[PDB]
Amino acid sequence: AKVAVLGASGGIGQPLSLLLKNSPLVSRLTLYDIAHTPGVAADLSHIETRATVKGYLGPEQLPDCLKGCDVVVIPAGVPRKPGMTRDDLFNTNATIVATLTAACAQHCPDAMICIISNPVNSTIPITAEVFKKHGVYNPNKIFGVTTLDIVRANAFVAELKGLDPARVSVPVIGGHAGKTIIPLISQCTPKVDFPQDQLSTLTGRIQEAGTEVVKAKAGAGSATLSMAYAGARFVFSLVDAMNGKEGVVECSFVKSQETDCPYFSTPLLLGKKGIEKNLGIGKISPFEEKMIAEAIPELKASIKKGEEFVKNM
């Protein structure tokens, strides 16, 4: 597949691009940033894998970065500092996302667009209204990558139950910010029973995991190496479903109908043209229910800010 990374010199951008260069599913990797991209490209081109690597710098090199891309991954944005909410990043990142997605609507409207830029709960309504603004919007091909939450949920349930994390799969629905992260532990594979004490502790741990890494990192950035893994996992899932593999399911914050919310993350069946089928919420426990009901106000609020922004910029 032909994959572009927009924001390739950043903290997420550089290990993500290595993971992509290493994959045999990638035939061409195009890297964009406003600084340092030639050095990152030169470094990566020395890896003995097939993917051709090309770096681009500055706005006038953006179109050539995007032409013919099947998949575009956007991790561009400033990372949080200890004490900030992800919502505190909106004013600075909304502008980056609006600018780079406009160019995607112009040069690769048919590509799968994967947004990592914080805050996802507002930057995917931004992306969708930019694409609508250029009359090229397709709800089935715009993804808010929430895979880090699923990868966290699986490593944490594995740790606790003594299971191999390769064997654990728990769906996380909602959005990606605090209370909007809803891990459906009732739906986990395998089973796992936990007393509700252990269960509310585990849930909060999954909701606050990014904040603990920002704290742990103490001003040196947020989760980069696990976000690169998670982001690469989402792209690999999308590319081999594009290659015809059946039954590839991944959760993502997407244009939705499943709730009163216009955007919502649920399990999605992926196909040759993006989402083949929205698998919805499924059979949830009463605990899981109430979490969704308390989350929707935060989500409504994060979505309208994103929409509002494009309706005045």
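The first residue of the shown sequence is 1; numbering continues from there.
Averaged over Cα atoms, the B-factor as recorded in the entry is higher for 276-284 than for the other of 276-284 and 41-49. On average the C-alpha atoms of 154-162 have higher B-factors than those of the other stretch, with 154-162 and 221-229 being the two compared. By the numbers in the PDB entry, the CA B factor is greatest at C188 among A105, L148, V172, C188. As recorded in the PDB entry, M291 shows the highest C-alpha B-factor of the residues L18, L25, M291, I12. In this PDB entry, the Cα temperature factor of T30 sits in the bottom third of its chain's modelled residues, the lowest group. Split the chain's modelled residues into thirds by C-alpha temperature factor. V136 is in the middle one. Compared with the other modelled residues of the chain, the Cα B-factor recorded for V72 ranks in the lowest third. Placement of the Cα temperature factor of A216 within the chain: middle third of the modelled residues, per the deposited record. Remark: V248 belongs to the lowest third of its chain, ranked by C-alpha B-factor as recorded.
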